[PDB]
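Report on the structure given below.
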Amino acid sequence: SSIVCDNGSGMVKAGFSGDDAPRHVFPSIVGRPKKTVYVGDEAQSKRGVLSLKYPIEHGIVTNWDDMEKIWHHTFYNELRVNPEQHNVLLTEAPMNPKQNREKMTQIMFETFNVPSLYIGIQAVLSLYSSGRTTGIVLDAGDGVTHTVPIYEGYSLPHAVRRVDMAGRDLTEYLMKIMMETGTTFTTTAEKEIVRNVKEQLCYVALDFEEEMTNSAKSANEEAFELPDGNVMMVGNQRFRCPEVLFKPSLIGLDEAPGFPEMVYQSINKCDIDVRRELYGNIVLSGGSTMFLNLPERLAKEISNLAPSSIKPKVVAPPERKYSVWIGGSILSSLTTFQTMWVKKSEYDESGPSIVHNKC
Amino acid sequence: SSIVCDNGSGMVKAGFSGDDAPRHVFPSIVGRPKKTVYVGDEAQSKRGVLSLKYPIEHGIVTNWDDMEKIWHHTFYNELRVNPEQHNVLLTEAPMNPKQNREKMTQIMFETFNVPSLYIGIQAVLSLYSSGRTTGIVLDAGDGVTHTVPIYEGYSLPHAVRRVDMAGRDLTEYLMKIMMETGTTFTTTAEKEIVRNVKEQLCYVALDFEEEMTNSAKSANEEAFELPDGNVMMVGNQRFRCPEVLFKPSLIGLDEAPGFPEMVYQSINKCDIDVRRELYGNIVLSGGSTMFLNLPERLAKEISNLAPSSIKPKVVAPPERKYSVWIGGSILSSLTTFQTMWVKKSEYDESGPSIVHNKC
Amino acid sequence: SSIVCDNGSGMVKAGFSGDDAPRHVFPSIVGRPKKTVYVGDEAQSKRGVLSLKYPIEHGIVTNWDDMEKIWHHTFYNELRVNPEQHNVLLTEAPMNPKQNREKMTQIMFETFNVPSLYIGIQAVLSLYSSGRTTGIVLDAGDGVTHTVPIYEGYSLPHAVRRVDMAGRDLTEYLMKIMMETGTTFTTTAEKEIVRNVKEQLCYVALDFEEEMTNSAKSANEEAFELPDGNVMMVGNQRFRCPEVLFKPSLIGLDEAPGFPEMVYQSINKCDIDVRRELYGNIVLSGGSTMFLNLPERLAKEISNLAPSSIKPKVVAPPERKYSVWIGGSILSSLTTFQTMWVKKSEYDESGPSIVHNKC
Amino acid sequence: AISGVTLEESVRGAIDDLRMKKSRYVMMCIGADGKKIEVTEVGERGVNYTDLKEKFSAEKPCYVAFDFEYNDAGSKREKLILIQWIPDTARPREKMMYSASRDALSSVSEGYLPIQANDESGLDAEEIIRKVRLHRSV
Amino acid sequence: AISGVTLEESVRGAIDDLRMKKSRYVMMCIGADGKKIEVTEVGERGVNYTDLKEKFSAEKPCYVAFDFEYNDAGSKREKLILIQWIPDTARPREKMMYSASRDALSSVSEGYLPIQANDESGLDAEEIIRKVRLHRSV
Ligand SMILES: Nc1ncnc2c1ncn2[C@@H]1O[C@H](COP(=O)(O)OP(=O)(O)O)[C@@H](O)[C@H]1O
Ligand SMILES: Nc1ncnc2c1ncn2[C@@H]1O[C@H](COP(=O)(O)OP(=O)(O)O)[C@@H](O)[C@H]1O
Ligand SMILES: Nc1ncnc2c1ncn2[C@@H]1O[C@H](COP(=O)(O)OP(=O)(O)O)[C@@H](O)[C@H]1O
Ligand SMILES: [Mg+2]
Ligand SMILES: [Mg+2]
Ligand SMILES: [Mg+2]
């Protein structure tokens, strides 16, 4: 029926409304020789002799010329549908300047000739899918992370923060500390191998100091199978990699607060009478929050900072990996939603200002 | 129609395009007194009182002055055609320096006045004739042997190896171990007799240790007829000679890896994700691979080195003796190939650099 | 007096404090039959029938069982001194895990019964011997290379890089490209001959493209004398071999940055206000930096990457080959240094943790 | 291609129709005169991969472009693949001609995953499923 | 310091006098026995920086504590700096000994701006003026 697209920062999620999960996931990269250009997995395969740039990094569009190729690849190569025969729903990052929103709708109407367009908010869609209206949303992607407090369906613009430290830096830190056991992973072919190890074996340790001391005595390691057929052994790096999130000083970021401090500092920027309600509605989102035992550790850390009269609660839905896309897919499948789209004729008679008033 | 020439290292193959097998085969040697010079079988007949040198040994041209006589002998004495009225297709060994290629085309255009010239790659032509595009080619000649992995029609320059141990050394080893049964073969007249024994009676034994012990108990020998009419008996030397290929330490080459190790070390120099495809496309070529039961033994040896998750496969076409020449002959017989030749006028207006861009 | 040992990666330097140069240099290899084991030059002489392994490669200890034989060989066979009657000073590679340091001091106290022990840092000792306190040290060994920025006597752990491409790979590349002029160097006897050619004839060309074109016109070659008495001619391979350092793509390492890029990327990982001071204090070290005209070429390459407001400076002391050992030798000869050693009694009453607090 | 063959004008149009889910597969073969690659057979979306596997002939090589679905854990995922079928039992002239002509399709088969098969064991579904998943990051 | 040298008792007193504008500069060098750092020369406030620049010797490293004034746009501003002068032409033993002994002065030179110079181009006034202004917020 309709098309739901989640640009993200590292990977692009696309599909059709009504599905329970996206069917097309591919990184958002553009490659050029060291075919004039390569987009998506095409540049990934030839990554050795190509220079890669990110049209969208840290959640904000940096180059519109290279961003249009991402959308063109999705419609024709990936979705294989005509852009002028379907309704497209897009999402934007928090604190997005209005100039980007005006240019985003201009491209769809003028270049792809999209008949109906609608732009949503990532934080709002993620919160509604959890059956809540007031709360604080902790989004952990790969190139950026956000904390967006939402009260009665409206976000608070003066309590939004960015750290620009997420799962992408975890892969590099894991790759660097893997050289202690010999070998190397400089080439991009082995970079993808390191990512698979992070998503299958790494887990969050409840007590960091206790695990480090007792790991040496046990000297336990696990086996991982390389594509060539060789078997690689992974030791204590499983629980050392996710610890960067709680204490970002291990990667040279002394000023970065980390997850427990980011939530605490964002709540205190709000009204005094609303802080108590926000503490009890902490909602996790993003792919970087899928580490094992993460919600249990996060609740303990925040409780120490909070006063003794506040008991924080952490909500971690199982489907938090694709909360933004799932929420948008469900909303577009509603029968009554047909009156919420922005028609192309309205844009012609009103200009780019129509999106600001609607949506 | 056209002329297809395969210089090789020990013997020269020449003929006309469209044939199923070359018609002219003669060794590439130059003789001088201990006629000022003798080339080919002319020097072979008078080998007793002549000093022999190889213009091309180990696959790379060493002396262009003596190499021109090889081509002059082929055109006039052997083919008996005018070089300025036919198209000539040549082949070059892997890892051939560009200086040799530039000099090779200079001689044809300036000395022999060849109207159209084309230079191919021996490894590529051998692989295409087997109905494949990706694989690893094991070429076993007489003065040199190569392992050239090819991926999507392009060879990998960083995984090519040479051993410089092939069928030529097998004849000398067989001749030396034949003195145990008396007599001698010092003179060059009996050297050719030893070569005929190698190509008719020698075979590869599946189990080397088992055959050696049980051969003494059986004491079985076979009869070979000399040109003089006398009958010679050959014992266990039939299967001892080809064993040098698998274990080259019998001839004082301790550092040489041998056939099973040469393939294994060449594959591991490539990308990790491509190694699995190369293991299943091992292609045999060259005259030294014509020994009986060789492919069966080679598959078993490689399987031991490979991990348990890899199952190598060996392909041995019946016509592997002249794969390079047959592939070139078929290609030149195509009707659409007429647009691939390099005309002499192009060389005049561009110089020797034309061959690098084309072909 | 005291003993100063520099393990290195390919060769071991040992001697007595107060000397101006080490007296004992031998490769760090262990040989076993294809005497139960052979260590050092003993395995080198019988390299034909022995399998060689490196206890320390890429700068990090891989096998402590075979590493203890290296130290045992040095004390008894090489130095010919009692380990329990002298003070020993050791060095460790940058980013060395504390587990290796704890095991390193355990062996000396418990096995060799060393009375006093001290462990230094290779980067720090090399920088101090140049009369500097802040700068960036470029170390080029044979099995590994490092870039360690040092500020006010303390290194920055988050700007250290490894390439694992150094002079050892240069010998193999030179050996492979030497086959173009005929002959071969497969055996280990001729491998040592190739190394001597690299250290006597090879030099860095200021303009790579210009030299390649004009070398063919000149066709100049130089004579080298083999141990057998024969004379070998070396052509343009003299300046082609060191070019791999600047552009490591010639050996299949596309992702490797090379020397000019390695320094640039390491500086930018530091604080913004400190980068300007680091650009003017680039210090060369290691045996692989002894090529002729190398410092002049390196300064030009870095200047292109640096902005127009930065003027980098390169410092190349004449004694940079043994900077680590010379610096350690001078420090141990000081009269006031006697209070810096770690006594064996302190280890008994405190355990392995004493080395972390001291040194 | 080094052989010198080219593509028929109808080949490019047929590939676009396959991309837009207007057909299941398109089979291409070299013409009778051996100068161009021409479309031979087009199948409708009703047919599946198993029926097409029985259409391969051991005496005639061909190029097959197929839209393969593997049903990854209840997901109706589809992948575009290009199968190069050259049996070992074919004539020596045919094997050389088809192998050297593979480069012609590279200009029009962007996005298709190249798969090489020389025997019936290489046409197994598990073999194809393993290869398609290797190149997908997700 | 890792070398193990210490400071003479008179060194601490001389630094305090320099702070209270009782002298212009104090030069410190390692003793003859090479065990302690001792004061060598003290200059009066009449002398300026230009005269002291000519007192540096290319064969002898030394530590110089100076009260530097740069006259920032008609302002008689002064800044306390500590110059580490180790020429590249010095003996290898001298360069190692002085470099490793720099940490000893850290306990008494609080507030002094450390400046490293290894050649005459690093002693330029413009070089010093640029560095002192970098660390000042005003
Ligand atoms: N199971 C997992 N465990 C840990 N990290 C994961 C897992 N799956 C994905 N990731 C990480 O999440 C990052 C992207 O997640 P997501 O937030 O969905 O996309 P984006 O960051 O573009 O919004 C990837 O870089 C990946 O490393
Ligand atoms: N039937 C055979 N069995 C074993 N060896 C053979 C046979 N026929 C030829 N040879 C060997 O192959 C060598 C040359 O083969 P080939 O590779 O075709 O030429 P080149 O080595 O010049 O490329 C000869 O030295 C010969 O000893
Ligand atoms: N004069 C020279 N020119 C070029 N390379 C050299 C020279 N002398 C030694 N080398 C190379 O330096 C390497 C080892 O140097 P060094 O760094 O001192 O030891 P390590 O690499 O073990 O630290 C050797 O592999 C050798 O090839
Ligand atoms: Mg997201
Ligand atoms: Mg040949
Ligand atoms: Mg070293």
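A note on labels: chains of the structure tokens are A, B, ... as shown, every chain counts residues from 1, and ligands are counted from 1 in their shown order.
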
Exercise for the section: Could I get the residue neighbourhood of ligand 1 at 7 Å, counting only C-alpha atoms and all ligand atoms, as a list in words? Expected result: residues 8, 9, 10, 11, 12, 140, 141, 142, 143, 167, 168, 171, 195, 198, 199, 200, 286, 287, 288, 289, 290, 291, 321 and 322 of chain A

Would you write out those residues with N, CA, C and O atoms, as a compact mmCIF listing (two decimals), in the first residue's frame?
```txt
# COMPACT_ATOMS: atom_id res chain seq x y z
N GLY A 8 17.37 7.04 9.45
CA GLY A 8 18.36 6.69 10.45
C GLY A 8 19.65 7.47 10.26
O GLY A 8 19.70 8.53 9.62
N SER A 9 20.72 6.92 10.82
CA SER A 9 22.05 7.51 10.69
C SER A 9 23.06 6.56 10.06
O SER A 9 23.92 7.01 9.30
N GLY A 10 22.98 5.27 10.35
CA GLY A 10 23.89 4.30 9.76
C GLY A 10 23.23 3.41 8.73
O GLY A 10 23.84 3.09 7.71
N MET A 11 21.99 3.00 8.98
CA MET A 11 21.27 2.09 8.11
C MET A 11 19.90 2.65 7.78
O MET A 11 19.34 3.45 8.54
N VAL A 12 19.36 2.23 6.64
CA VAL A 12 18.08 2.70 6.14
C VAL A 12 17.08 1.55 6.22
O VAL A 12 17.36 0.44 5.74
N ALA A 140 19.33 5.19 21.22
CA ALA A 140 20.74 4.88 21.02
C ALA A 140 20.91 4.23 19.65
O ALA A 140 20.65 3.03 19.49
N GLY A 141 21.34 5.01 18.67
CA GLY A 141 21.56 4.50 17.34
C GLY A 141 22.98 4.00 17.15
O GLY A 141 23.46 3.18 17.94
N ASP A 142 23.66 4.48 16.12
CA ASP A 142 25.07 4.16 15.92
C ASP A 142 25.94 5.40 15.77
O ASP A 142 27.07 5.42 16.27
N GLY A 143 25.44 6.45 15.11
CA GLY A 143 26.22 7.65 14.94
C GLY A 143 25.86 8.77 15.89
O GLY A 143 26.56 9.79 15.95
N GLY A 167 26.87 2.99 18.93
CA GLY A 167 27.38 1.68 18.57
C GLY A 167 28.46 1.68 17.51
O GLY A 167 29.23 0.72 17.43
N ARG A 168 28.54 2.73 16.68
CA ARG A 168 29.60 2.78 15.68
C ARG A 168 30.97 2.85 16.34
O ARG A 168 31.92 2.18 15.90
N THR A 171 32.25 -0.59 17.81
CA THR A 171 32.91 -1.51 16.89
C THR A 171 34.40 -1.19 16.76
O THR A 171 35.24 -2.09 16.77
N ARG A 195 31.89 -6.64 13.54
CA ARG A 195 30.54 -6.21 13.85
C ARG A 195 29.65 -7.39 14.22
O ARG A 195 28.84 -7.30 15.15
N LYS A 198 30.18 -8.42 17.78
CA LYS A 198 29.56 -7.52 18.74
C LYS A 198 28.09 -7.85 18.94
O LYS A 198 27.58 -7.79 20.07
N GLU A 199 27.39 -8.21 17.87
CA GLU A 199 25.95 -8.41 17.90
C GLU A 199 25.55 -9.82 18.34
O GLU A 199 24.35 -10.11 18.39
N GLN A 200 26.51 -10.69 18.64
CA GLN A 200 26.18 -12.07 18.97
C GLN A 200 26.76 -12.52 20.30
O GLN A 200 26.15 -13.32 21.01
N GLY A 286 16.32 2.06 20.01
CA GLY A 286 17.53 1.99 19.22
C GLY A 286 18.18 0.62 19.26
O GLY A 286 17.96 -0.18 20.17
N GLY A 287 19.01 0.35 18.25
CA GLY A 287 19.67 -0.94 18.17
C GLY A 287 20.78 -1.12 19.17
O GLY A 287 21.10 -2.26 19.55
N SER A 288 21.39 -0.03 19.63
CA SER A 288 22.49 -0.12 20.58
C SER A 288 22.03 -0.48 21.99
O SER A 288 22.88 -0.74 22.85
N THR A 289 20.73 -0.50 22.24
CA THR A 289 20.19 -0.88 23.54
C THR A 289 19.85 -2.36 23.63
O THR A 289 19.26 -2.80 24.62
N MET A 290 20.20 -3.15 22.61
CA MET A 290 19.86 -4.56 22.57
C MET A 290 20.85 -5.45 23.31
O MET A 290 20.68 -6.67 23.32
N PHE A 291 21.88 -4.87 23.92
CA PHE A 291 22.84 -5.66 24.68
C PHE A 291 22.16 -6.34 25.86
O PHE A 291 21.23 -5.80 26.47
N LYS A 321 14.10 -2.50 18.84
CA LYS A 321 15.08 -2.31 17.77
C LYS A 321 14.51 -1.49 16.63
O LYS A 321 15.21 -0.64 16.06
N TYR A 322 13.25 -1.72 16.27
CA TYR A 322 12.59 -1.02 15.17
C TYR A 322 11.33 -0.31 15.64
O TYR A 322 10.29 -0.36 14.98
```

Exercise for the section: Can you check which residues of chain E DSSP gives as strand (DSSP E) on the backbone and send them as a count of residues only? Expected result: 37

Practice task
Give me every helix (DSSP H, G or I) residue in region 18-80 of chain A, going by DSSP on the backbone, as a PyMOL selection string.
Solution key: chain A and resi 41-45+47-49+64-79

Practice task
Just the residues within 8 Å of residue 113 (chain E), please, counting only C-alpha atoms, with nothing from its chain fewer than 4 positions along; format it as a PyMOL selection string.
Solution key: chain E and resi 80-82+132

Handout entry: Proximity to chain A - best of D:130, D:79, D:19, D:55, only C-alpha atoms
Key =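 The shortest atom-to-atom distance to chain A comes from D:19.
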
Handout entry: Atomic separation - CA of residue 104 (chain A) relative to CA of residue 283 (chain A), Å
Key =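 Between CA of residue 283 (chain A) and CA of residue 104 (chain A) the gap is 28.6 Å.
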
Practice task
Please provide the set of residues having any atom within 12 Å of residue 191 (chain B), restricted to only C-alpha atoms, with same-chain residues fewer than 2 positions apart removed, written as JSON, numbers by chain.
Solution key: {"B": [44, 47, 48, 168, 171, 172, 173, 174, 175, 176, 178, 184, 185, 186, 187, 188, 189, 193, 194, 195, 196, 197, 198]}

Take the residues just selected and output them with C-alpha atoms as a PDB file, in the first residue's frame.
```pdb
ATOM      1  CA  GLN B  44      68.691 -31.661 -31.737  1.00  0.00           C
ATOM      2  CA  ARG B  47      73.327 -32.279 -30.290  1.00  0.00           C
ATOM      3  CA  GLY B  48      76.618 -34.125 -29.764  1.00  0.00           C
ATOM      4  CA  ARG B 168      62.272 -31.178 -17.145  1.00  0.00           C
ATOM      5  CA  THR B 171      63.589 -36.555 -16.740  1.00  0.00           C
ATOM      6  CA  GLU B 172      66.975 -35.912 -15.118  1.00  0.00           C
ATOM      7  CA  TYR B 173      65.900 -37.589 -11.872  1.00  0.00           C
ATOM      8  CA  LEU B 174      64.574 -40.599 -13.791  1.00  0.00           C
ATOM      9  CA  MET B 175      67.812 -40.802 -15.785  1.00  0.00           C
ATOM     10  CA  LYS B 176      69.953 -40.703 -12.633  1.00  0.00           C
ATOM     11  CA  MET B 178      68.068 -45.630 -13.927  1.00  0.00           C
ATOM     12  CA  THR B 184      74.271 -45.333 -18.499  1.00  0.00           C
ATOM     13  CA  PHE B 185      72.519 -42.540 -20.391  1.00  0.00           C
ATOM     14  CA  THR B 186      75.089 -39.737 -20.486  1.00  0.00           C
ATOM     15  CA  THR B 187      74.877 -38.981 -24.212  1.00  0.00           C
ATOM     16  CA  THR B 188      72.058 -36.871 -25.627  1.00  0.00           C
ATOM     17  CA  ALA B 189      70.999 -39.714 -27.937  1.00  0.00           C
ATOM     18  CA  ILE B 193      64.920 -42.362 -24.972  1.00  0.00           C
ATOM     19  CA  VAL B 194      64.488 -41.639 -21.254  1.00  0.00           C
ATOM     20  CA  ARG B 195      61.884 -38.977 -22.054  1.00  0.00           C
ATOM     21  CA  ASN B 196      59.792 -41.477 -24.027  1.00  0.00           C
ATOM     22  CA  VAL B 197      59.825 -43.867 -21.058  1.00  0.00           C
ATOM     23  CA  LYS B 198      58.500 -41.101 -18.796  1.00  0.00           C
TER      24      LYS B 198
END
```

Near-residue 252 (chain B) list (12 Å; only C-alpha atoms; drop same-chain fewer than 3 positions) as a PDB file with N, CA and C atoms, in the first residue's frame:
```pdb
ATOM      1  N   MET B 165      60.285 -25.882 -10.917  1.00  0.00           N
ATOM      2  CA  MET B 165      60.526 -27.318 -10.801  1.00  0.00           C
ATOM      3  C   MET B 165      59.364 -28.030 -11.478  1.00  0.00           C
ATOM      4  N   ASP B 169      62.975 -31.448 -14.821  1.00  0.00           N
ATOM      5  CA  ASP B 169      63.770 -32.039 -13.752  1.00  0.00           C
ATOM      6  C   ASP B 169      63.387 -33.491 -13.503  1.00  0.00           C
ATOM      7  N   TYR B 173      65.981 -36.709 -13.033  1.00  0.00           N
ATOM      8  CA  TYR B 173      65.900 -37.589 -11.872  1.00  0.00           C
ATOM      9  C   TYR B 173      65.662 -39.034 -12.293  1.00  0.00           C
ATOM     10  N   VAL B 244      58.364 -36.864  -7.139  1.00  0.00           N
ATOM     11  CA  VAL B 244      59.133 -35.654  -6.866  1.00  0.00           C
ATOM     12  C   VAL B 244      58.226 -34.431  -6.829  1.00  0.00           C
ATOM     13  N   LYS B 247      56.692 -34.256  -3.228  1.00  0.00           N
ATOM     14  CA  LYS B 247      57.745 -34.012  -2.242  1.00  0.00           C
ATOM     15  C   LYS B 247      59.033 -33.669  -2.976  1.00  0.00           C
ATOM     16  N   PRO B 248      59.277 -32.386  -3.242  1.00  0.00           N
ATOM     17  CA  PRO B 248      60.464 -31.982  -4.002  1.00  0.00           C
ATOM     18  C   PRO B 248      61.771 -32.046  -3.228  1.00  0.00           C
ATOM     19  N   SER B 249      61.786 -32.640  -2.033  1.00  0.00           N
ATOM     20  CA  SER B 249      63.029 -32.762  -1.282  1.00  0.00           C
ATOM     21  C   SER B 249      63.927 -33.864  -1.827  1.00  0.00           C
ATOM     22  N   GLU B 255      63.268 -26.310   0.393  1.00  0.00           N
ATOM     23  CA  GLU B 255      62.401 -25.151   0.559  1.00  0.00           C
ATOM     24  C   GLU B 255      61.200 -25.168  -0.379  1.00  0.00           C
ATOM     25  N   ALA B 256      61.269 -25.912  -1.476  1.00  0.00           N
ATOM     26  CA  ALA B 256      60.161 -25.953  -2.424  1.00  0.00           C
ATOM     27  C   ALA B 256      58.939 -26.593  -1.771  1.00  0.00           C
TER      28      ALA B 256
ATOM     29  N   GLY C  48      67.542 -24.956   6.723  1.00  0.00           N
ATOM     30  CA  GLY C  48      66.966 -25.773   5.666  1.00  0.00           C
ATOM     31  C   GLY C  48      66.054 -26.872   6.183  1.00  0.00           C
ATOM     32  N   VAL C  49      66.424 -27.497   7.297  1.00  0.00           N
ATOM     33  CA  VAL C  49      65.698 -28.648   7.818  1.00  0.00           C
ATOM     34  C   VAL C  49      65.020 -28.330   9.151  1.00  0.00           C
ATOM     35  N   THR C 187      65.459 -20.644  -1.511  1.00  0.00           N
ATOM     36  CA  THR C 187      66.081 -21.220  -0.327  1.00  0.00           C
ATOM     37  C   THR C 187      66.486 -20.131   0.663  1.00  0.00           C
TER      38      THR C 187
END
```

Exercise for the section: Pick out the chain B residues within 8 Å of chain D. Count only C-alpha atoms. Give them as JSON, numbers by chain. Expected result: {"B": [128, 129, 130, 131, 132, 133, 327, 330, 331, 334, 335, 336, 337, 339, 340]}

Exercise for the section: Please provide as a ChimeraX atom specification all residues within 10 Å of residue 154 (chain B), with the sequence filter that same-chain residues fewer than 5 positions apart are discarded (counting only C-alpha atoms). Expected result: /B:124,133-134,149

Handout entry: Distance query residue 344 (chain A) at most 7 Å, only C-alpha atoms, self and fewer than 4 positions along chain excluded, as a list in words
Key =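 My reading of the contact set: residues 109, 115, 116 and 348 of chain A.
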
Go ahead and dump the residues you just picked, N, CA and C atoms, as a PDB file, in the first residue's frame.
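part-v6.pdb written:
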```
ATOM      1  N   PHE A 109       8.069  16.111  -3.925  1.00  0.00           N
ATOM      2  CA  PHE A 109       7.021  16.592  -4.820  1.00  0.00           C
ATOM      3  C   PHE A 109       7.556  16.920  -6.209  1.00  0.00           C
ATOM      4  N   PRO A 115       2.638  11.579  -4.776  1.00  0.00           N
ATOM      5  CA  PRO A 115       1.295  12.169  -4.678  1.00  0.00           C
ATOM      6  C   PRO A 115       0.957  12.679  -3.284  1.00  0.00           C
ATOM      7  N   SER A 116       1.236  11.881  -2.254  1.00  0.00           N
ATOM      8  CA  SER A 116       0.931  12.247  -0.878  1.00  0.00           C
ATOM      9  C   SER A 116       2.157  12.027  -0.006  1.00  0.00           C
ATOM     10  N   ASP A 348       1.075  22.847  -4.252  1.00  0.00           N
ATOM     11  CA  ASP A 348       1.112  23.751  -5.397  1.00  0.00           C
ATOM     12  C   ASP A 348       0.460  25.090  -5.072  1.00  0.00           C
TER      13      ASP A 348
END
```

Problem - Test item: chain B residues at most 7 Å from chain A, counting only C-alpha atoms, as a ChimeraX atom specification - result: /B:272-273,275-276,307,309

Output the selection as a tab-separated table (two decimals), in the first residue's frame - N, CA, C and O atoms for each residue.
```tsv
chain	number	residue	atom	x	y	z
B	272	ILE	N	39.44	-13.02	2.39
B	272	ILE	CA	38.89	-14.12	3.19
B	272	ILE	C	37.56	-14.60	2.62
B	272	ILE	O	37.29	-15.81	2.59
B	273	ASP	N	36.72	-13.69	2.15
B	273	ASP	CA	35.41	-14.06	1.64
B	273	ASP	C	35.46	-14.72	0.27
B	273	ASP	O	34.45	-15.28	-0.17
B	275	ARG	N	38.01	-17.02	-0.59
B	275	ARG	CA	38.77	-18.27	-0.54
B	275	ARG	C	37.87	-19.49	-0.75
B	275	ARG	O	38.27	-20.46	-1.38
B	276	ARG	N	36.64	-19.44	-0.22
B	276	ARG	CA	35.76	-20.60	-0.32
B	276	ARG	C	35.42	-20.92	-1.77
B	276	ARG	O	35.34	-22.09	-2.15
B	307	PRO	N	40.56	-26.74	6.06
B	307	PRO	CA	39.76	-27.02	7.26
B	307	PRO	C	38.59	-27.93	6.95
B	307	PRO	O	38.22	-28.15	5.79
B	309	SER	N	35.53	-27.62	7.19
B	309	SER	CA	34.34	-27.01	6.60
B	309	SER	C	34.50	-26.72	5.11
B	309	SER	O	33.59	-26.14	4.51
```
